[PDB]
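Encoded as structure tokens, the following chain is the form solved without the partner chain, with no partner shown.
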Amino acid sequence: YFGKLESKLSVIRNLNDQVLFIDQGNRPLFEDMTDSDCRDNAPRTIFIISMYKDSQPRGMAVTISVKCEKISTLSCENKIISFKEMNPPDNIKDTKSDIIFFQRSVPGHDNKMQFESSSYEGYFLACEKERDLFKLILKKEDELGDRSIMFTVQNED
């Protein structure tokens, strides 16, 4: 069955150069981070990303998990996003879990990626502008090549 490849920290930036963050409501928002001068042991810390072993033609299986007040992993129930309090599994029976995510680089860009459902296509992760915060949900835009539904992932070390 499924399996864990390697767990490591990765910075998730948005289209406006915003780093994913969590709030008191365990909601995935987007904040601003320089990471230029404060990089030297910066207080803030992004969520953890666990890579799973998958032998697919094109598909990066990853899983985001926020650690601080309570470990919570990003899980997409049906069409909405929900944070499930639980550390990233070490070995899953199914190849596509509710927490598993399908990352796919975007063609014709620097290093953008697209978050797709573990099961199959139909719903892609995007960022919704709510009030003064950019939240993250699962929707189906009209254009798959729209930056609005594109995200950036970097290595944290």
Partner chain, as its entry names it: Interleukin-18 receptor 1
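Positions refer to the first chain, counted from 1.
The same protein also has a form solved in complex with the partner chain, omitted here; what follows describes it.
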Contact flag, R104 vs the partner chain in the bound PDB entry, heavy atom cut 4.5 Å: yes
Give a yes/no on whether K70 approaches the partner chain to within 4.5 Å in the bound PDB entry, heavy atoms considered. no
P57 near the partner chain in the bound PDB entry, any heavy atom under 4.5 Å? yes
